[PDB]
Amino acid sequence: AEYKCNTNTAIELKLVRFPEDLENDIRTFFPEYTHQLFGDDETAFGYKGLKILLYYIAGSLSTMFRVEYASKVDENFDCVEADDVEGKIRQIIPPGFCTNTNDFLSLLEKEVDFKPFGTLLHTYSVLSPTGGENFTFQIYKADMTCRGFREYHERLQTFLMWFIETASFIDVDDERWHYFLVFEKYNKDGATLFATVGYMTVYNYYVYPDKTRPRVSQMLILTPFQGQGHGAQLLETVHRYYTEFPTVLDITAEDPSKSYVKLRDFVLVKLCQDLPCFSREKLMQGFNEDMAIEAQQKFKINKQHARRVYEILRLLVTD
């Protein structure tokens, strides 16, 4: 019974910039979902003191994968075999990971060579109000023409399984996939390096005869960076990106979560708040179609979402 383990707490994830991050428990985070590998019960059988280590170098996401345990069942005395935990994980990470912290640390030495993929879209800083540290972030649009992107995306996509309930891996040969990446800049040994923060995949969905309606598919801000404004920056940058294309109608999402809906409401209200069609005097007259029209034309906001924007803003202007 001590040989059944919850895989949501057994799987230990780290993003590593400095050798000491390996021994800092603050750096470790845990899946929200493991049911797609370990079933509805999210349990692995056969091991006491199970640790599934998935450690990633912060930028490149070069991977160390190790399964550790205190003891395990012996089919000779227990008459049952332990679960193939190692095989399950290898189903969703690419080959070539290292298997010990020595080798992982040697890869960390050259992490300065890691550079962000694609075209720079936006840079922003979180400036200290109090004379402390400032932090600097950048958003890129990347694709499979970028050297090393294909392999990096394979390392990255594993994180969707832990954090998006119904995540599936996309067909990267499909040319309608767009990729948006968020990086934090940081210094180490007098150099400047890039840490992966999160990303979004967007499907450039065809609307006959000659338009598209970009569909937000998979969006993830990695645990350590959540609730700090990055998700909002990312969705805003994405809207701003597609706003330059007349052939884009507006932007939607694939089966959005409650938390995504909340995020989207936040971003879209911010974008629309000072538009002429959403003035207080207009809001007080009730929803008008030209609010959807203006939101679509200015920011590629879908009509359904423009209506929510109206509701939220009407509530804001009243008591």
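All residue numbers refer to positions in the sequence shown, first residue = 1.
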{"item": "Mean temperature factor over C-alpha atoms, higher-scoring stretch between 174-182 and 137-145", "value": "137-145"}
{"item": "43-51 or 57-65, whichever carries the higher mean Cα B-factor", "value": "43-51"}
{"item": "Among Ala253, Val269, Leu263, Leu283 - the residue whose C-alpha B-factor is largest in the record", "value": "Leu283"}
{"item": "Out of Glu109, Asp84, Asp113, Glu151, residue topping the C-alpha B-factor column of the entry", "value": "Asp84"}
{"item": "Assigned third (lowest, middle, highest) for the C-alpha B factor of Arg90", "value": "highest"}
{"item": "Third of chain Cα B-factors occupied by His122", "value": "middle"}
{"item": "Third of the chain, ranked by Cα B-factor, where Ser128 sits", "value": "highest"}
{"item": "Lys188 - Cα temperature factor, lowest/middle/highest third of chain", "value": "lowest"}
{"item": "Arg240 CA temperature factor, ranked by third within the chain", "value": "middle"}
